[PDB]
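In case it helps, the deposited numbering puts the sequence shown at residues 6 to 130, 136 to 158, 165 to 182, 191 to 210. These notes concern the structure reproduced below.
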Amino acid sequence: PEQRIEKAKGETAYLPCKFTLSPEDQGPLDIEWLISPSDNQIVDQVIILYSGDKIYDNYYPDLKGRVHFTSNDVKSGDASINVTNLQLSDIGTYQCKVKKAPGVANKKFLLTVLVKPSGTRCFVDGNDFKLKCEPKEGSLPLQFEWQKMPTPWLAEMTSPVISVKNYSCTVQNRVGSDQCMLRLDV
């Protein structure tokens, strides 16, 4: 299958693509990395290309300055790349295409970018109150834990909404945490 790579935001993805040439393989060496945004199967885009023994980072303006061949000597049999400063737009399918006539190889990489929860707002709206711990950005499944010892709220301790009628909010997933504070008055 297509190797599955899961990373956090703002960092660098390492995609391995090492190759061994065979004696037949005498044509011009040529490498071409393609990104497939949201995996739409009608179109891919070139991010980085190797040709005439000259590199090109010339395209996909979104990735301008953010993608590089790890290796020094790519011809030596190493086409691996690094993707730097990972964002949510970088999600997609990544493909490694090596061609040296008549030989040819291909590797599929399925990239996934999760977000450590941060930027949560804590706000209030014998009344019909609602206390709220609304995060963004983040990613599910999220967990919430509110503190201070309120008895009729104890059940809501975990839900992100304290629908109140008649001090913290800790927010956690499996890639990061977060802390937020609120005030109320009756």
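In this text, a Cβ means the ideal position worked out from N, Cα and C, and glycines have one as well.
C-beta atoms of residue i and residue j nearer than 7 Å
i	j	result
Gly200	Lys121	yes
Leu39	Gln100	yes
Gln8	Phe114	yes
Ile53	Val72	yes
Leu34	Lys80	yes
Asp78	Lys23	no
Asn182	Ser149	no
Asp202	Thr125	yes
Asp30	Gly108	yes
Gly97	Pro151	no
Residue i to residue j span [Cα, whole Å]
i	j	result
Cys143	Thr194	9 Å
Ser56	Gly32	12 Å
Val129	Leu141	5 Å
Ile60	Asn111	19 Å
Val177	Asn137	16 Å
Residue i in three-state terms, based on DSSP
i	result
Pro66	helix
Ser201	strand
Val79	helix
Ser94	helix
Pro6	coil
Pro42	strand
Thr167	helix
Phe139	coil
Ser175	coil
Review point. Counting Cβ pairs closer than 8 Å, one from the region 144-155 and one from the region 74-88, do we hit at least three?
Key: Contact fails: fewer than three Cβ-Cβ distances are below 8 Å.
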